[PDB]
Amino acid sequence: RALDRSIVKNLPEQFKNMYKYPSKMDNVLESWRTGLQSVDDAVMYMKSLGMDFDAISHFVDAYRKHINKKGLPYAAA
């Protein structure tokens, strides 16, 4: 489950770092999660940053695994 070098090179810097450093991934995915972002929400946001198809498909899988593990919270109040 990895990305080719040409995809990694063209990642936005935040996502380059998410790719390389699992802790940075967790940080960011956790902020999406507590941001109450559904997978779809995450996709839109990644599309909005003008990210490539391969790239997006990679972080969706990671966000899904994260969500499937820790759950997507219900809003308060």
# chains A, B, ... in the order shown; residues from 1 in each chain; ligands from 1
call {"tool": "residues_around", "arguments": {"residues": "range 23-35 of chain A", "least_positions_apart": "3", "cutoff": "8 Å", "atoms": "only C-alpha atoms", "output": "mmCIF file with N, CA, C and O atoms, in the first residue's frame"}}
result
data_model
loop_
_atom_site.group_PDB
_atom_site.id
_atom_site.type_symbol
_atom_site.label_atom_id
_atom_site.label_comp_id
_atom_site.auth_asym_id
_atom_site.auth_seq_id
_atom_site.Cartn_x
_atom_site.Cartn_y
_atom_site.Cartn_z
ATOM 1 N N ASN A 17 4.510 14.888 3.987
ATOM 2 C CA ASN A 17 4.939 14.550 5.336
ATOM 3 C C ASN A 17 4.038 13.488 5.962
ATOM 4 O O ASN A 17 4.515 12.581 6.640
ATOM 5 N N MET A 18 2.736 13.595 5.714
ATOM 6 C CA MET A 18 1.812 12.543 6.114
ATOM 7 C C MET A 18 2.230 11.205 5.525
ATOM 8 O O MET A 18 2.230 10.199 6.219
ATOM 9 N N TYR A 19 2.623 11.194 4.255
ATOM 10 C CA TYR A 19 3.047 9.957 3.618
ATOM 11 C C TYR A 19 4.265 9.349 4.323
ATOM 12 O O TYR A 19 4.273 8.164 4.638
ATOM 13 N N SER A 38 -16.675 13.120 7.435
ATOM 14 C CA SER A 38 -16.889 11.810 6.840
ATOM 15 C C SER A 38 -15.831 11.570 5.778
ATOM 16 O O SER A 38 -15.167 12.506 5.333
ATOM 17 N N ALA A 42 -13.614 14.262 3.593
ATOM 18 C CA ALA A 42 -12.179 14.215 3.415
ATOM 19 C C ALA A 42 -11.795 14.266 1.937
ATOM 20 O O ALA A 42 -10.944 15.059 1.547
ATOM 21 N N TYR A 63 -7.572 7.051 5.781
ATOM 22 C CA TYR A 63 -8.571 7.672 6.627
ATOM 23 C C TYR A 63 -9.672 6.676 6.971
ATOM 24 O O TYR A 63 -10.169 6.664 8.093
ATOM 25 N N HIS A 66 -8.482 4.439 9.740
ATOM 26 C CA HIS A 66 -8.485 5.242 10.964
ATOM 27 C C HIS A 66 -9.910 5.356 11.524
ATOM 28 O O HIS A 66 -10.173 5.096 12.697
ATOM 29 N N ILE A 67 -10.829 5.740 10.653
ATOM 30 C CA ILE A 67 -12.232 5.844 10.994
ATOM 31 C C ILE A 67 -12.787 4.499 11.444
ATOM 32 O O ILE A 67 -13.504 4.397 12.444
ATOM 33 N N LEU A 72 -16.134 7.464 13.838
ATOM 34 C CA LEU A 72 -16.505 8.839 13.542
ATOM 35 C C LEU A 72 -17.519 9.333 14.566
ATOM 36 O O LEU A 72 -18.601 8.769 14.695
ATOM 37 N N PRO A 73 -17.171 10.398 15.297
ATOM 38 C CA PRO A 73 -17.971 10.850 16.429
ATOM 39 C C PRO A 73 -19.263 11.512 16.002
ATOM 40 O O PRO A 73 -19.347 12.037 14.902
#
call {"tool": "select_by_dssp", "arguments": {"residues": "chain A", "states": "helix (DSSP H, G or I)", "output": "MDAnalysis selection string"}}
result
chainID A and resid 5:9 13:20 22:34 39:48 53:70
call {"tool": "write_last_selection", "arguments": {"atoms": "N, CA and C atoms", "output": "short mmCIF file (atom, residue, chain, number, x, y, z; two decimals), in the first residue's frame"}}
result
data_model
loop_
_atom_site.label_atom_id
_atom_site.label_comp_id
_atom_site.auth_asym_id
_atom_site.auth_seq_id
_atom_site.Cartn_x
_atom_site.Cartn_y
_atom_site.Cartn_z
N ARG A 5 7.20 7.21 -6.45
CA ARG A 5 7.98 8.43 -6.20
C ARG A 5 7.43 9.67 -6.92
N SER A 6 6.95 9.49 -8.14
CA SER A 6 6.47 10.64 -8.88
C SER A 6 5.18 11.17 -8.26
N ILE A 7 4.42 10.31 -7.59
CA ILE A 7 3.23 10.79 -6.88
C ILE A 7 3.61 11.51 -5.60
N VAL A 8 4.52 10.92 -4.84
CA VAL A 8 4.97 11.54 -3.60
C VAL A 8 5.58 12.91 -3.85
N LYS A 9 6.31 13.06 -4.95
CA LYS A 9 7.00 14.32 -5.24
C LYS A 9 6.03 15.45 -5.42
N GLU A 13 3.03 19.68 0.46
CA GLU A 13 3.99 19.43 1.52
C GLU A 13 3.39 18.75 2.76
N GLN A 14 2.19 19.15 3.18
CA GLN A 14 1.56 18.54 4.35
C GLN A 14 1.35 17.05 4.09
N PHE A 15 0.97 16.73 2.86
CA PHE A 15 0.67 15.35 2.51
C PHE A 15 1.91 14.53 2.19
N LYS A 16 2.97 15.19 1.72
CA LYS A 16 4.29 14.57 1.60
C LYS A 16 4.72 14.05 2.97
N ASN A 17 4.51 14.89 3.99
CA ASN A 17 4.94 14.55 5.34
C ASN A 17 4.04 13.49 5.96
N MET A 18 2.74 13.59 5.71
CA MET A 18 1.81 12.54 6.11
C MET A 18 2.23 11.21 5.52
N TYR A 19 2.62 11.19 4.25
CA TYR A 19 3.05 9.96 3.62
C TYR A 19 4.27 9.35 4.32
N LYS A 20 5.28 10.17 4.58
CA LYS A 20 6.56 9.69 5.09
C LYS A 20 6.55 9.37 6.59
N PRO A 22 4.24 8.37 9.71
CA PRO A 22 2.98 7.82 10.20
C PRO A 22 2.38 8.62 11.35
N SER A 23 3.22 9.23 12.17
CA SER A 23 2.75 10.11 13.23
C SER A 23 2.13 11.38 12.71
N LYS A 24 2.67 11.91 11.62
CA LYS A 24 2.08 13.08 11.02
C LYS A 24 0.72 12.72 10.38
N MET A 25 0.62 11.53 9.78
CA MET A 25 -0.65 11.03 9.28
C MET A 25 -1.68 10.97 10.36
N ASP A 26 -1.33 10.31 11.45
CA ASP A 26 -2.24 10.20 12.59
C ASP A 26 -2.72 11.56 13.08
N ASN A 27 -1.80 12.50 13.25
CA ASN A 27 -2.15 13.84 13.67
C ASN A 27 -3.22 14.44 12.78
N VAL A 28 -3.01 14.38 11.48
CA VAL A 28 -3.87 15.05 10.54
C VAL A 28 -5.21 14.34 10.44
N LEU A 29 -5.17 13.01 10.32
CA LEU A 29 -6.38 12.20 10.23
C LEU A 29 -7.22 12.33 11.49
N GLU A 30 -6.55 12.49 12.63
CA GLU A 30 -7.25 12.67 13.88
C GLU A 30 -7.95 14.04 13.91
N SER A 31 -7.36 15.06 13.30
CA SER A 31 -8.03 16.36 13.23
C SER A 31 -9.23 16.33 12.29
N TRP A 32 -9.16 15.54 11.22
CA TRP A 32 -10.32 15.34 10.34
C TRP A 32 -11.44 14.65 11.10
N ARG A 33 -11.05 13.61 11.82
CA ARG A 33 -11.96 12.77 12.59
C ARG A 33 -12.72 13.59 13.63
N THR A 34 -11.99 14.31 14.47
CA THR A 34 -12.63 15.18 15.46
C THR A 34 -13.23 16.42 14.80
N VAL A 39 -15.71 10.33 5.33
CA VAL A 39 -14.77 10.00 4.26
C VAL A 39 -15.01 10.89 3.05
N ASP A 40 -16.27 11.04 2.69
CA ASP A 40 -16.67 11.91 1.61
C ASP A 40 -16.17 13.33 1.86
N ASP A 41 -16.31 13.81 3.10
CA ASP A 41 -15.86 15.16 3.44
C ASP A 41 -14.35 15.28 3.17
N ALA A 42 -13.61 14.26 3.59
CA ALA A 42 -12.18 14.21 3.41
C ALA A 42 -11.79 14.27 1.94
N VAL A 43 -12.43 13.43 1.12
CA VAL A 43 -12.26 13.44 -0.34
C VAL A 43 -12.45 14.82 -0.96
N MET A 44 -13.56 15.47 -0.63
CA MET A 44 -13.82 16.81 -1.15
C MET A 44 -12.69 17.76 -0.78
N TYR A 45 -12.28 17.71 0.47
CA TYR A 45 -11.20 18.57 0.94
C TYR A 45 -9.89 18.29 0.21
N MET A 46 -9.63 17.02 -0.08
CA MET A 46 -8.41 16.67 -0.79
C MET A 46 -8.52 17.08 -2.25
N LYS A 47 -9.70 16.91 -2.83
CA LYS A 47 -9.93 17.38 -4.19
C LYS A 47 -9.72 18.88 -4.26
N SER A 48 -10.26 19.60 -3.27
CA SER A 48 -10.09 21.05 -3.19
C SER A 48 -8.63 21.49 -3.16
N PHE A 53 -5.35 11.73 -8.42
CA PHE A 53 -6.19 10.57 -8.18
C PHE A 53 -5.51 9.46 -7.36
N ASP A 54 -4.31 9.07 -7.75
CA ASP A 54 -3.56 8.08 -6.99
C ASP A 54 -3.37 8.52 -5.55
N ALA A 55 -2.91 9.76 -5.39
CA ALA A 55 -2.69 10.36 -4.09
C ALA A 55 -3.94 10.26 -3.22
N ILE A 56 -5.05 10.77 -3.74
CA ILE A 56 -6.29 10.81 -2.98
C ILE A 56 -6.72 9.41 -2.57
N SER A 57 -6.62 8.48 -3.50
CA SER A 57 -7.04 7.12 -3.23
C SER A 57 -6.24 6.49 -2.09
N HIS A 58 -4.99 6.93 -1.97
CA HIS A 58 -4.11 6.46 -0.91
C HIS A 58 -4.50 6.99 0.47
N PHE A 59 -4.85 8.27 0.55
CA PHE A 59 -5.19 8.83 1.86
C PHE A 59 -6.61 8.54 2.26
N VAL A 60 -7.47 8.24 1.29
CA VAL A 60 -8.81 7.80 1.62
C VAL A 60 -8.73 6.46 2.33
N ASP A 61 -7.89 5.57 1.82
CA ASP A 61 -7.75 4.25 2.42
C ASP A 61 -7.23 4.39 3.85
N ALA A 62 -6.28 5.29 4.05
CA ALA A 62 -5.73 5.51 5.38
C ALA A 62 -6.79 6.12 6.30
N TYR A 63 -7.57 7.05 5.78
CA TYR A 63 -8.57 7.67 6.63
C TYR A 63 -9.67 6.68 6.97
N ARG A 64 -10.04 5.83 6.01
CA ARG A 64 -11.03 4.78 6.26
C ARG A 64 -10.55 3.82 7.35
N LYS A 65 -9.28 3.43 7.31
CA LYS A 65 -8.76 2.51 8.31
C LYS A 65 -8.84 3.16 9.68
N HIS A 66 -8.48 4.44 9.74
CA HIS A 66 -8.49 5.24 10.96
C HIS A 66 -9.91 5.36 11.52
N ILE A 67 -10.83 5.74 10.65
CA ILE A 67 -12.23 5.84 10.99
C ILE A 67 -12.79 4.50 11.44
N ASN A 68 -12.46 3.46 10.70
CA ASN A 68 -12.98 2.15 11.05
C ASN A 68 -12.45 1.66 12.41
N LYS A 69 -11.32 2.21 12.83
CA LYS A 69 -10.72 1.85 14.10
C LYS A 69 -11.27 2.66 15.25
N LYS A 70 -11.25 3.98 15.12
CA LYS A 70 -11.55 4.84 16.26
C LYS A 70 -12.95 5.42 16.21
#
call {"tool": "closest_residue", "arguments": {"among": "A:37, A:10, A:21, A:77", "to": "residue 50 in chain A", "atoms": "only C-alpha atoms"}}
result
A:10
